[PDB]
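What follows is one chain in structure tokens, specifically the form deposited in one PDB entry.
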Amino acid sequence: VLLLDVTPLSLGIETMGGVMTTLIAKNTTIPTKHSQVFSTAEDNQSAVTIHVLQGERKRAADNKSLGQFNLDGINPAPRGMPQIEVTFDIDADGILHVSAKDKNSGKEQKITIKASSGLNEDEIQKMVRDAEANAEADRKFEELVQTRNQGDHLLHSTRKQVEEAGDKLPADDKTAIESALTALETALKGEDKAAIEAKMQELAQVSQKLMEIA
């Protein structure tokens, strides 16, 4: 009332692309508890890595690591189907508890992080200045990661549809699409957004018939 325990920085986890996703926002009052359901990046994924982050930078690597931990025992499934509920709970005493539960398996790993873990009053002031200093670079990064994952999904999606299509697909139209997927997957290996979009553009244009079937 003359005083608040607040989170001086945001707390979250790394997600696909090397982006920090925020669970508890900067300048949140303690105690608190926020949960979010995540899934797998790839088919028959048997584990996820929960990499815990303190900071305001959109790039996982530019934020402060508080630890990591694995949740194994993910049963086979298509990617983006499993439910991994990640929850951050900070109690009154200043302790953070990150849990990851497979809502199928009922499996669960926790990690506990001392109130004293992370960046001292100084490193925090730098971190906030550096975030403002790089809202452009981080915008432009985020936009590319979005673009990549969109490309990635469109890649994996177009492969399923070709298998479930099979015989039903003109020889012609399959080749044209085998070429465009090979080109997209190569451009996803790069850092050039425009290049990714143009391979994505190429696939749309030559996929028209695969979509009807599908």
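All residue numbers are counted from 1 along the displayed sequence.
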{"query": "Which of 121-129 and 76-84 has higher mean CA B factor, as the PDB entry lists it", "finding": "121-129"}
{"query": "Mean temperature factor over C-alpha atoms, higher-scoring stretch between 52-60 and 170-178", "finding": "170-178"}
{"query": "Residue with highest C-alpha B-factor in the PDB entry, from 11, 194, 19, 200", "finding": "194"}
{"query": "Third of chain Cα B-factors occupied by residue 163", "finding": "highest"}
{"query": "Third of the chain, ranked by Cα B-factor, where residue 148 sits", "finding": "highest"}
{"query": "B-factor third for the C-alpha atom of residue 36 within its chain", "finding": "lowest"}
{"query": "Chain third (lowest, middle, highest) by recorded CA B-factor, residue given as residue 155", "finding": "lowest"}
{"query": "Ranked C-alpha temperature factor of residue 135 among modelled chain residues, by third", "finding": "highest"}
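The same protein also has a form deposited in another entry, omitted here; what follows describes it.
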| query | finding |
| --- | --- |
| Per-residue rigid-part match between the shown form and the other one, residue 202 to residue 185 | yes |
